Amino acid sequence: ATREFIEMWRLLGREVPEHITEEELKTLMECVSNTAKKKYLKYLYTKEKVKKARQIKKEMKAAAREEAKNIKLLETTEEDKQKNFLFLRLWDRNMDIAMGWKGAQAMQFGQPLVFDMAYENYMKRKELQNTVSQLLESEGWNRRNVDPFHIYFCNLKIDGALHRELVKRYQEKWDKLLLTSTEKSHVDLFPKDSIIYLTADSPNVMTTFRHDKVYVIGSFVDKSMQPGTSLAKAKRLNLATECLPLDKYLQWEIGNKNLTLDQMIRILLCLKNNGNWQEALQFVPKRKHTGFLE
Amino acid sequence: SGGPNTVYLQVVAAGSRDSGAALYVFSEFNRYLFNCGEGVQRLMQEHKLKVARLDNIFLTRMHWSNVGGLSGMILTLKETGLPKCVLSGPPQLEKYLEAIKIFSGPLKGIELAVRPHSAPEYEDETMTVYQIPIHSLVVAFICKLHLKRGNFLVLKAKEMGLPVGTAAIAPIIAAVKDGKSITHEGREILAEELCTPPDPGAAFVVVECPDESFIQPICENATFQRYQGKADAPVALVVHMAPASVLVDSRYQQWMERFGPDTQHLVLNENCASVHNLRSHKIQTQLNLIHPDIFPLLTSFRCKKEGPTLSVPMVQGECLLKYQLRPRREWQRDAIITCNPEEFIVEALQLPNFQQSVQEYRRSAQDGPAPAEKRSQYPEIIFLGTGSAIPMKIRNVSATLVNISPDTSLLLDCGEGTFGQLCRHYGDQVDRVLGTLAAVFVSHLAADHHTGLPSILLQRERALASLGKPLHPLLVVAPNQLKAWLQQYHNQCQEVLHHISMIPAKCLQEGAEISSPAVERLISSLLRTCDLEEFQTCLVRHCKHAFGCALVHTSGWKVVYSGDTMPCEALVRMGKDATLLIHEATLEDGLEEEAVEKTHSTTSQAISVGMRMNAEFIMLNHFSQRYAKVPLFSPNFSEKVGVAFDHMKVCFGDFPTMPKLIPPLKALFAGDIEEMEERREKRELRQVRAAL
RNA sequence: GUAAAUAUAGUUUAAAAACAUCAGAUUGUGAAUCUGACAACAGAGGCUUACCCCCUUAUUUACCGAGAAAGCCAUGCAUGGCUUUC
Ligand SMILES: Nc1ncnc2c1ncn2[C@@H]1O[C@H](CSCC[C@H](N)C(=O)O)[C@@H](O)[C@H]1O
Ligand SMILES: [Zn+2]
């Protein structure tokens, strides 16, 4: 009956996926009615379309690489670099090991930066997936930096949805990520005076990056606007709040004033490395503003 | 051409004696309003109701209480840019439309059509409206929804293997939608087989019944009998706008019972109790904390006893009451206003420096000495609204009342909806308060400053009925233009001038010359009624036919009101050493050029005149939306500064206390203070960009 | 507050690709890869196969009341001031 009417709307011609799994059908059933299910089905269909297109492109490139590899075999010119090599080609491993050493040094002496995962109740499933993806990108950008932050994952419930998704996404790397993940709040780990909670709705405007201050970023993705939530949370603890200067330096044009976690961490990393506000704000999406105010 | 989607009905006005009997309907295609009445503009603005696509405006009776507010609605539509609008009612509305011209202002790019009762039908294929006349004259409207038979059955097309995915199938839809039977899949399929049972459209009737003289005729109506019992188009609901006494008539009750359980019988009348402005109640309740009598609680309508339990259901109407008709017919009472004073009090309390400032003010007042000279409470001055333009939620069109004595009251700036504020401010005593009125003053000739003049008069008669006093033509002072257009309204639409007496403002000017002995007698009676000694009128240089007034009593206190004007020496001479001054304050300093262009002064000019006036105290009034909630504060301002707010009560003894209230005011406006800061930043950016 | 437009959750141009992101691979120097993860054009609501709209927030821009007719005064047929009418 259930998959029967799903096949009925398939016959209707609506864009729907094929060979769907059980968890996806459960999620679809979780939807209220009509438009929610239609959006979810269109998503899944587009996901399958992209997956199959990537499969076709990958097979094409594999065949092209095979034939081109035989062609390159035809040369047999030899005398390649005289075999005068100082290092073996193990560069990805060495980069990972160097990043690990730098992460250990940062965990011991790095400046704290907190992501507070206390919004799971303000986020839908899709927003949760987006938040996890942006958290991965932010952590990756932090690792590569010449002077990484010491990243804290505060208020991260062990069995919560966000922690579950992070564990699923990171696999065994989760236990080896060079960062501090804890259920306690940022107020239980650092003095209340050193904490600055970054929000877009704060009356105060950030002027300079401070190296003795602990910046708190709300790991929140609200494509359904909920202004003042991070500000309200910071007010309960009575924490100082700051907002990025975007009206001062950029002609905002059309867009939303709340950036993503990855953009936020990149801006903060640029500022921490003695970058100016122009260089730091180069990470703001160009489609939003029109230029840097002169 | 298409079919109507979900449609909604809404009760804009709860039906109270103040700004009642307003109905609204909206669908995707378009939206309509019934009995715009008076003051519904502010009500719609507050509740975020969309005014666009309001092509048609409807009504039930010619009474000003049902048609008084048309001017504001049409002006708002003109501002929006809607090019066309039409009205439905008795043919005399045409003349009434002409009347509006005399104070319409610049009207262009807008069409003002009319839909007389003689018109057969309106149609538009979206919603149909029926016109039904009444006589002892009232008109009721029956609205029938358009047919939406378009439907297709599920999975039987697949069983029939229809050639889907092609274009030639699209015409075939009409064949099944129109009612054609065709042979497909070896079946002589009929259109009804593949079509959901068509619904012609729900019907609903709107009617107003002033009294039994209109209860009796309605039953002897063929149109009503058509929809009574086994109606061709069953009626989903009926809305009645009549008092409780009319609602309990034996004939009326029988007529209501005729339809049976099929109907729902929504009703609207004075007995309904609700709040028409959450923001106003919230702000006045918050202000009440600072001091009781300056900011008295706004008494809310509260019916003592619910209406008698009639056999048929009686769904009492409420503000924001919502009823969906399609695709489901139900009472969607989801966003109905609620009264939670405690929530407002706690929300205000959870503000920075607010409670602390209030406590500090309490300490200062307690330690402060008692008022010297034991100044008498009377006279009192109550500011109902201080708005300068189309009323907003925060404020209202300029209007003030001065109670000289418990039996003598005068009114200034009788703007739009003033009776609404009178009701909201004086609950049931409104009868005594209205009887207390001796005369009403008119400011410079302008619609905003005299929009609500007619309604007041009508209500007075009702109050006179409550008290039973003999008829007393209320006095009013104004230019001859007011007399002319009021006479036109009297002799065309609704007879009201017999309840009024008029006095030219020029005859009251300093050194004026009596025009007629009757004028002299009228002005002498005016002076005697309120125990006043001198009433002075002076010209003001902001527009033609503009007057500023001054009151001097036997006790010697001199109070001067100016309204729209600019610093004038004659004003200082007239109000030299005046006890109090109430002056307009539209824009802020630094914008002198646009102040001159609009002929309105700013704060700096207000202080300049006040120190020129040499008056004991100065009050600000006539503000604009740009000052959404807060007036400018600065130590450079003298202690005499006074900022008005809705339903603000003041007396002479309060003069040494107004400046002491400056902090707590700004304490409550923290968010609005931030708004002012952002506005000032924007103004600075604009000014520097212009300079460079 | 009211009308317009606009809204790409890593970025950009288009209307789907490129650059990116996370996990694993001790890679013989094309790893310039291979195996996987992610893939939602602001948020929510229908309705005819497909035909779009209605609403809520966010960003940027501009923001509410006097036509004619007749009689008189002054200036060089036109203008200014006033009086009665709609
Ligand atoms: N302009 C800005 N200034 C300061 N912090 C900002 C910012 N834009 C984004 N952020 C940070 O990035 C996080 C994800 S944006 C989500 C914003 C959401 N309205 C809220 O209540 O926070 C924000 O929580 C904030 O920590
Ligand atoms: Zn005014």
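Order of the sequence lines fixes the chain letters, A, B, ..., with proteins taken first and strands second; residue numbering starts at 1 for each chain. In what follows, every heavy atom counts, from backbone to side chain, and hydrogens, waters and symmetry copies are set aside.
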> Which one is paired to C:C52, where only Watson-Crick or G-U wobble pairs with both distances under 3.5 angstrom count?
C:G46
> Taking only the P atom of each, what is the distance from C:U6 to C:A69 in whole angstrom?
46 Å
> Could you tell me how far C:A3 sits from C:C51 if I compare only their P atoms? Round to whole Å.
30 Å
> Decide between north and south for C:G10, the convention being positive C1'-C2'-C3'-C4' for north and negative for south.
north
> Tell me the partner of C:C86, counting only Watson-Crick (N1-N3 plus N6-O4 or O6-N4) or G-U wobble (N1-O2 and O6-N3) with both under 3.5 Å; none if nothing fits.
C:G67
> Quick one: is C:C54 close enough that its OP1 or OP2 comes under 4.0 Å of any side-chain N or O from B:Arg53?
yes
> Just the rounded figure in Å: distance from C1' of C:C22 to CG of A:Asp262.
13 Å
> Which atoms form the tightest heavy-atom contact between A:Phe115 and A:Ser138, and what is the distance?
CZ-CB, 4.3 Å
> Just curious, C:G30 north or south if you read off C1'-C2'-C3'-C4'?
south
> Report yes if at least one side-chain N or O of A:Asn256 is closer than 4.0 Å to OP1 or OP2 of C:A7; otherwise report no.
no
> Can you find a donor-acceptor pair, distance only, under 3.5 Å between A:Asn130 side chain and C:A40 base?
no
> Taking only the P atom of each, what is the distance from C:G28 to C:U33 in whole angstrom?
14 Å
> May I ask you to say what B:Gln45 touches in the nucleic acid, namely base, sugar-phosphate or nothing, with a heavy-atom cut-off under 4.0 Å?
sugar-phosphate
> Rounding to an integer number of Å, can you tell me how far B:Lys544 NZ sits from C:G65 P?
20 Å
> Given C:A44, is OP1 or OP2 found less than 4.0 Å from the side-chain N or O atoms of A:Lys39?
yes
> From the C1'-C2'-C3'-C4' angle alone, say whether C:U11 leans north (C3'-endo side) or south (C2'-endo side).
north
> It should be established whether A:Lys57 places a side-chain nitrogen or oxygen under 4.0 Å from OP1 or OP2 of nucleotide C:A18.
yes
> Tell me if C:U6 and C:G30 are paired here, counting Watson-Crick or G-U wobble when both donor-acceptor distances sit under 3.5 Å.
no
> Nearest-nucleotide wise, let me know which of A:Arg169 and A:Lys124 is further upstream toward the 5' end of RNA chain C.
A:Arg169
> Closer than 4.0 Å, any side-chain N/O of A:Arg287 to the OP1 or OP2 of C:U6?
no
> Quick one: do A:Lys51 and A:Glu48 make a salt bridge, cutoff under 4.0 Å?
no
> Would you name the heavy atoms of A:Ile217 and A:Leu261 that are closest together and state the gap between them?
CG2-CD2, 4.3 Å
> Which value, in whole Å, describes the distance between the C1' atoms of nucleotides C:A20 and C:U12?
11 Å
> With a cut-off of less than 4.0 Å, is there a side-chain N or O of A:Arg65 near OP1 or OP2 of C:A31?
yes
> Could you measure between the two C1' atoms, the one in C:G46 and the one in C:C55, and give it in whole Å?
12 Å
> Between B:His545 and B:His444 (judged by ring centroids, cut-off 6.0 Å), do the two rings come close enough to count as a pair?
no
> Quick check: any donor-acceptor pair below 3.5 Å linking the side-chain of B:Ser71 to the base of C:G65?
yes
> For the pair made of CG in B:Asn5 and P in C:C47, what is the distance, rounded to whole Å?
5 Å
> Is the phosphate of C:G28, meaning OP1 or OP2, less than 4.0 Å from a side-chain N or O of A:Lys83?
no
> Can you tell me if C:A31 puckers north or south, using the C1'-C2'-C3'-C4' torsion sign?
south
> Kindly say if A:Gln263 contacts the phosphate of C:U11, meaning a side-chain N or O under 4.0 Å from OP1 or OP2.
yes
> In whole angstrom, give me the gap between the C1' atoms of C:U11 and C:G24.
27 Å
> Between A:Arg169 and A:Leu136, what is the shortest heavy-atom contact and its length?
CG-CD2, 3.3 Å
> Would you kindly give the CD-to-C1' distance between A:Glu137 and C:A39, to the nearest whole Å?
13 Å
> Establish, with yes or no, whether the OP1 or OP2 oxygen of C:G36 is under 4.0 angstrom from a side-chain nitrogen or oxygen of A:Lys58.
yes
> Would you kindly check whether a donor in the side chain of A:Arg89 faces an acceptor in the base of C:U29, or vice versa, at under 3.5 angstrom?
no
> Look at the side-chain N and O atoms of B:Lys101 and state whether any lies under 4.0 Å from the OP1 or OP2 oxygen of C:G65.
no
> Where is the tightest heavy-atom contact between B:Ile394 and B:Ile283, given as atom of each residue plus distance?
O-CD1, 3.9 Å
> Look at A:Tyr43 and C:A39 and indicate whether a side-chain polar atom (N or O) is within less than 4.0 Å of OP1 or OP2.
yes
> Is there ring stacking between A:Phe85 and C:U29, where the centres must be under 5.5 angstrom apart and the planes under 30 degrees?
yes
> Using the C1' atoms only, state how far C:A44 lies from C:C54, rounded to an integer number of Å.
12 Å
> Atom OG1 in B:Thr599, atom CD in B:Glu584: separation rounded to 0.5 Å?
8.5 Å
> How is A:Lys126 classified with respect to the nucleic acid when contacts are heavy atoms under 4.0 Å: base, sugar-phosphate, or nothing?
base
> Whole Å only: how far is the CD atom of B:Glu98 from the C1' atom of C:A69?
14 Å
> Could you state the CG-P distance from A:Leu135 to C:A23, rounded to the nearest angstrom?
14 Å
> Could you tell me which non-hydrogen atom of A:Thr131 sits nearest to which non-hydrogen atom of A:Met123, and how far apart they are?
OG1-SD, 3.0 Å
> With respect to the side chain of A:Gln134, which nucleotide from C:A9, C:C54, C:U59 is positioned closest?
C:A9
> Are C:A32 and C:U26 base-paired in the Watson-Crick or G-U wobble sense, both distances less than 3.5 Å?
no
> In whole angstrom, give me the gap between the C1' atoms of C:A31 and C:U26.
12 Å
> Check the phosphate of C:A23 against A:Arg143, side-chain N and O only, distance under 4.0 Å to OP1 or OP2. Yes or no?
yes
> According to the Watson-Crick and G-U wobble definitions, with both distances under 3.5 Å, which nucleotide is paired to C:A23?
C:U35
> Take A:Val221 and A:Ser138, find for each the nucleotide of RNA chain C with the closest heavy atom, and name the residue whose nucleotide sits nearer the 5' end.
A:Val221
> Could you state the CZ-P distance from B:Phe26 to C:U56, rounded to the nearest angstrom?
10 Å
> When you measure from the side chain of A:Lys223, which nucleotide among C:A66, C:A9, C:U59 comes out closest?
C:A9
> Output the rounded distance in Å from CH2 (B:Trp485) to P (C:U84).
18 Å
> Look at A:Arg144 and C:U21 and indicate whether a side-chain polar atom (N or O) is within less than 4.0 Å of OP1 or OP2.
yes
> Classify the side chain of A:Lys72 versus the base of C:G30 as yes if they form a donor-acceptor pair under 3.5 Å and no if they do not.
yes
> Sign of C1'-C2'-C3'-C4' decides it: give me the sugar pucker of C:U8, north or south.
south
> Nearest to the side chain of A:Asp92, which nucleotide is it out of C:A31, C:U26, C:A23?
C:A31
> Does C:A4 have OP1 or OP2 sitting under 4.0 Å from an N or O in the side chain of B:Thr80?
no
> Using the side chain to side chain contact (heavy atoms under 4.5 Å, CB included) rule, take A:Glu15 and A:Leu41 through it: C-alpha gap first, then chi angles, then the decisive distance, then the call.
CA-CA 7 Å; A:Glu15 306 169 326; A:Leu41 287 164; over 6 Å; no
> Honestly, is A:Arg143 close enough over A:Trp141, meaning NZ or CZ under 6.0 Å from the six-membered ring centre and within 45° of the axis?
no
